[PDB]
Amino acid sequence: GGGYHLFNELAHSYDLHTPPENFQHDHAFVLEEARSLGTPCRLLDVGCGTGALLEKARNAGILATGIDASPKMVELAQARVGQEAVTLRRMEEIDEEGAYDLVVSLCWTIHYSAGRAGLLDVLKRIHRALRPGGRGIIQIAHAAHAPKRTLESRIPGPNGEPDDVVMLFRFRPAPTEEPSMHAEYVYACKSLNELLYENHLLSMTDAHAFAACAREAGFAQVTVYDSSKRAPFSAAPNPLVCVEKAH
């Protein structure tokens, strides 16, 4: 999961190519949910990347900690929020028992689980890691709503060279038994003579299939929002799944 080059050599570049509004709205949603859980709030960010959300959460008074399977992400996150709040650790290793009030997994981290069996294992570990009444926020990929185009992002190079850096990206459902998606990334920095291609296999990229899996993992309540706006799921390619553990 954390071994893909996108999250290692290109970890900092991953951040630069993520639209700012995407970060601001989803992070605000998380902080809103933390408030609705009371004070203090113990939060685990599963796949925290460079730790932007952990910073916002900790600045808001949340007892936020994170895990990521990428060594380069952990290093970047620890530089932002210190060493004790971030751990190199796979979501498949989660073994806490009731330690958190809110578990968050944004930006499709959960689909790096190995198939449905892997997803169910991780969701059950997340379920066990939450207190009774605790909640989870999982951002998923609904592959059937993926853009039907190869997308492109251009940004200036290390010394301001215009369009020196390009990413092309393609998301398509795979013809598999279980709903899954091939997420293809191409990275190029022309001035530095860098060219990377990489094909991420993402498992259970279907909002209805994911919700049913969340139920099977033990969550009493499961809600799918179209976005941080909290509208009902309709056409979003990256809806938000909110789950609650029974009392």
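One rule holds for the numbers: they count along the sequence shown, beginning at 1.
In this entry, the higher average B-factor at the C-alpha atoms falls on 168-176, of the pair 125-133 and 168-176. In this entry, 22-30 shows the higher mean Cα temperature factor of the pair 22-30 and 202-210. Looking at 43, 60, 46, 183, the one whose CA carries the top B-factor in the deposited record is 60.
Per the PDB record, residue ranking by Cα B-factor puts residue 68 in the lowest third of the chain. Among the modelled residues of the chain, residue 86 sits in the middle third by CA temperature factor in this PDB entry. Remark: residue 234 belongs to the middle third of its chain, ranked by C-alpha B-factor as recorded. In the PDB entry, a CA B factor belonging to the lowest third of its chain's modelled residues is recorded for residue 92. Annotation for residue 220: C-alpha temperature factor in the highest third relative to the rest of the modelled chain, per the entry.
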